[PDB]
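Report on the structure given below.
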Amino acid sequence: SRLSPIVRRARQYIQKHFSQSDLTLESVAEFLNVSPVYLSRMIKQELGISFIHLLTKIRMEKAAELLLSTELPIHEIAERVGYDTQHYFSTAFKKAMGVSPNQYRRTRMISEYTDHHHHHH
């Protein structure tokens, strides 16, 4: 890790607070006490990705984790990753993941508490 202090601090804050639907570039610039334009530029320069894309990526990867490791309904997962409504979450997840939340589960999930032994052998 060789990120500049401001970019490291911003990424740490996003990693902790992505569940907050009011988290914005401008709001992190307030926490860090810096120009939002400076912060936006430094994130893009050092991470190669904009604030919104970084935040969205973190959110969608957490959502994918929750889809596979819990049986939570989609609307709860949406809220836990910073979307007030599944209406916006569904679209964001499809674009980021290439599949709907439900199809992500159908293709990837398994129930760990059921018997998967081959008794027909």
Side-chain angles (χ1 to χ4, degrees), residues 3-121:
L3 297 176
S4 73
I6 188 182
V7 176
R8 175 158 302 276
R9 285 165 196 160
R11 191 179 69 176
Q12 279 177 334
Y13 194 87
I14 297 158
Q15 288 168 338
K16 272 196 293 187
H17 291 112
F18 66 86
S19 65
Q20 300 305 300
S21 56
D22 64 342
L23 185 62
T24 65
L25 168 84
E26 285 87 351
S27 83
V28 175
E30 324 300 282
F31 160 58
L32 297 171
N33 223 317
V34 301
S35 159
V37 178
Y38 182 76
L39 179 60
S40 184
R41 288 186 53 258
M42 296 291 281
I43 291 175
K44 176 62 161 313
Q45 178 195 295
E46 300 194 17
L47 297 175
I49 186 171
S50 71
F51 179 98
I52 185 60
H53 293 332
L54 170 63
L55 176 56
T56 301
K57 182 166 58 181
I58 290 165
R59 289 171 161 170
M60 296 302 106
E61 300 271 48
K62 180 65 174 187
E65 174 188 291
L66 292 169
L67 285 166
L68 301 188
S69 68
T70 79
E71 297 174 342
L72 287 166
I74 305 312
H75 76 276
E76 283 192 65
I77 293 172
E79 187 278 331
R80 287 166 178 242
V81 307
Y83 289 80
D84 298 322
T85 167
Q86 67 179 329
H87 170 64
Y88 297 118
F89 169 75
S90 166
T91 297
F93 189 96
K94 287 168 183 185
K95 291 190 199 152
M97 312 297 295
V99 69
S100 68
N102 273 299
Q103 281 298 148
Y104 191 87
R105 264 185 169 154
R106 290 188 72 87
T107 55
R108 295 162 175 76
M109 200 187 33
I110 194 162
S111 291
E112 302 277 356
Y113 52 82
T114 69
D115 181 4
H116 292 284
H117 290 305
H118 293 160
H119 301 276
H120 69 283
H121 282 187

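By convention here, the first residue in the shown sequence is residue 1.
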Between [X] and [Y], is there a shared hydrophobic cluster once you connect ILVMFWY residues whose side-chain heavy atoms come closer than 4.5 Å?
| X | Y | answer |
| --- | --- | --- |
| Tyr38 | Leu25 | yes |
| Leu72 | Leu67 | yes |
| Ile49 | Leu32 | yes |
| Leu55 | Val37 | no |
| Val7 | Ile52 | no |

Exercise. Check for a donor-acceptor pair, side chain of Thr107 on one end and backbone N or O of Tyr104 on the other, with a separation under 3.5 Å.
Key: yes

Quiz prompt | Donor-acceptor under 3.5 Å (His116 side chain, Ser111 main chain) | solution = yes

Atom pair [atom1]/[atom2] of [X] and [Y] - distance to nearest 0.5 Å:
| X | Y | atom1 | atom2 | result |
| --- | --- | --- | --- | --- |
| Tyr83 | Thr85 | OH | OG1 | 11.5 Å |
| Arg11 | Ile58 | CZ | CD1 | 8.0 Å |
| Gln20 | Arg59 | CD | CZ | 9.0 Å |
| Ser27 | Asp22 | OG | CG | 6.5 Å |
| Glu71 | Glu76 | CD | CD | 12.0 Å |
| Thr114 | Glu112 | OG1 | CD | 8.5 Å |

Please report the shortest heavy-atom distance between [X] and [Y], naming the atom on each side.
| X | Y | result |
| --- | --- | --- |
| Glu61 | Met97 | OE1-CE, 4.1 Å |
| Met42 | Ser4 | CE-OG, 4.2 Å |
| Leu66 | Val81 | CD1-CG1, 4.4 Å |

Practice problem: Classify the angle between the aromatic ring planes of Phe93 and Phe89 as parallel (below 30°), tilted (30 to 60°) or perpendicular (above 60°). | Solution: tilted

Quiz item: Would you find more than 12 non-hydrogen atoms of other residues, nucleotides or ligands less than 6.0 Å from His117 atom NE2?
Solution: no

Self-check item: Min side-chain heavy-atom separation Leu3-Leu47 under 4.5 Å
Solution: yes

Practice problem: Kindly indicate whether the side chain of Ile74, heavy atoms from C-beta on, has any atom under 4.5 Å from the side chain of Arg105. | Solution: yes

Quiz item: Is there a side-chain contact (heavy atoms from CB on, under 4.5 Å) between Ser19 and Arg80 once you walk through the steps?
Solution: CA-CA 5 Å; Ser19 65; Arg80 287 166 178 242; 5.7 Å; no

